[PDB]
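Visitor: Encoded as structure tokens, here's the structure I'll be asking about.
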Amino acid sequence: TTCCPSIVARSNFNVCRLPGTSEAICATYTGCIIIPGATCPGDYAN
């Protein structure tokens with residue numbers, strides 16, 4: 001599951017993913033995170 005710290009970060013993440021870039025690279029690129037669960041925390045609400 002991906003969780004993002006802000007709207008901007010999510011929007012950036014989604015563009016990063018368009019060419020097929022791995023989630024892990026898009027995460028470090030944007031500040032979004034990958035978690036094994038489905039429940040994003042309050043400080044990664046977007």
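Chain lettering (A, B, ...) mirrors the order of the structure tokens, residue numbering begins at 1 for each chain separately, and ligand numbering begins at 1 in order of display.
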List the neighbours of region 31-37 of chain A out to 10 Å using only C-alpha atoms; skip same-chain residues closer than 5 positions along the sequence, and give me the result as a PyMOL selection string.
Guide: chain A and resi 1-6+9-10+12-13+23-26+44+46
Visitor: So that I have them on file, write out the residues from the current selection with C-alpha atoms, as an mmCIF file, in the first residue's frame.
Guide:
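part.cif, freshly written:
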data_model
loop_
_atom_site.group_PDB
_atom_site.id
_atom_site.type_symbol
_atom_site.label_atom_id
_atom_site.label_comp_id
_atom_site.auth_asym_id
_atom_site.auth_seq_id
_atom_site.Cartn_x
_atom_site.Cartn_y
_atom_site.Cartn_z
ATOM 1 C CA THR A 1 0.000 0.000 0.000
ATOM 2 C CA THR A 2 1.299 3.451 -0.738
ATOM 3 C CA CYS A 3 0.812 6.405 1.606
ATOM 4 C CA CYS A 4 1.799 9.961 0.812
ATOM 5 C CA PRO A 5 2.576 12.896 3.109
ATOM 6 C CA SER A 6 0.721 15.526 1.084
ATOM 7 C CA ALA A 9 3.557 14.139 -3.115
ATOM 8 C CA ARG A 10 0.750 11.842 -4.266
ATOM 9 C CA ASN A 12 4.103 13.461 -8.090
ATOM 10 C CA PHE A 13 4.008 9.764 -7.246
ATOM 11 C CA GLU A 23 6.974 1.982 -6.305
ATOM 12 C CA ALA A 24 10.100 1.946 -4.149
ATOM 13 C CA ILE A 25 11.866 4.441 -6.417
ATOM 14 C CA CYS A 26 8.799 6.632 -6.679
ATOM 15 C CA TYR A 44 0.828 9.987 5.529
ATOM 16 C CA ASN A 46 -2.782 11.453 1.197
#
Visitor: Determine which residues of chain A DSSP labels as helix (DSSP H, G or I) from the backbone of this structure, then write them out as a ChimeraX atom specification.
Guide: /A:7-17,23-30,42-44
Visitor: What separation in Å, quoted to one decimal, exists between CA of residue 15 (chain A) and CA of residue 42 (chain A)?
Guide: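 Answer for the CA of residue 15 (chain A) to CA of residue 42 (chain A) separation: 23.2 Å.
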Visitor: Go ahead and compute the interatomic distance for CA of residue 14 (chain A) and CA of residue 27 (chain A), in Å to one decimal.
Guide: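 Spanning CA of residue 14 (chain A) to CA of residue 27 (chain A) is a straight-line distance of 10.4 Å.
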